[PDB]
Every structure is written in structure tokens, then in C-alpha cells.
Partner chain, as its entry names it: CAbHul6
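Below you'll find only one chain, the form deposited without its partner chain, shown as C-alpha cells.
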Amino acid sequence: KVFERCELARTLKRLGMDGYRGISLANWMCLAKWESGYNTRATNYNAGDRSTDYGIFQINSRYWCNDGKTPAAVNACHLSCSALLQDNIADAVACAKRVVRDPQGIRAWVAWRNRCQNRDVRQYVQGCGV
């Protein structure tokens, strides 16, 4: 599923993402936009370390979910990477929440640092009623 902007904003807010560990909804939206264009089935293979990024937040299989094919990987979210390719994003959100409980918080995603950190991200939630 490819979410429309405001649809995703409300979906995430209903899932308890607004201000989760200090991260505003707008930041999560900016992260989703730059990671997958709001596409839940987005996938990216990294030939360098043989891992794959899955779903709307492009969560990596080396550390967060299990896909069986990633060499010496762990499964911190205790999910099959398949759960990160569902139209319903509840599992992906639970996993994204797990990622940010770690030291780096929202900085875990290089894309957030590249295109959201210290940027004006108001535009991602304006008009969505959140």
C-alpha cells in the first residue's frame, strides 16, 4: 500500500507515534517519505553486507527483523521481515518504536539525518488534522 500524506499522518497518530520518545509526528512522516515514499512494500537490497531494508520505514534485516537469508543477523523486533511488508503498519510501527528506544533515537536512520534533521518539517503534517 502507498499511503497518501495525511492518511499516513492520522494512521501513525492513532498508533501512538506523536511524541514517542520525544519524536514528533512530522519527523516520522519525513522519515517515511524519504525512506519509502510512504510505500509499505518498499524493499532495498544491500549487496555490501547482504542485508535488506523492509517496508515503509526501511527497517534493516541485520538487526531488526528475521528473513533467514541475512548472514549473522539478529531480530531485535522479534518479527518476520514479512510483517514489515503488510498494508497494515501496526507491526512496522511497533518495530520503529523499538528502534528508537536505543541510544540514537530517531538518528538511527541515516536518511532522517540527511533530509529531516534540522530541517523545516512542518509541511509533512499541515492540513492533516493531527
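Residue numbers count along the first chain shown, from 1.
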Next on the checklist: So, looking at the entry's B-factor column for Cα atoms, which has the higher mean, 23-31 or 72-80?
Outcome noted: 72-80
Item to check | Average Cα temperature factor in the PDB entry - higher stretch of 58-66, 44-52 | outcome: 44-52
Next on the checklist: Going by the CA temperature factor in the PDB record, which third of the chain does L8 belong to: lowest, middle or highest?
Outcome noted: lowest
Item to check | For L15, the third of its chain into which the C-alpha B factor falls | outcome: lowest
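The discussion below concerns the form deposited with its partner chain bound, not included here.
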Next on the checklist: Need the contact residues for 91-121: heavy atom within 4.5 Å of its partner chain in the deposited complex, sequence order, or none if there are none.
Outcome noted: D91, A94, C95, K97, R98, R101
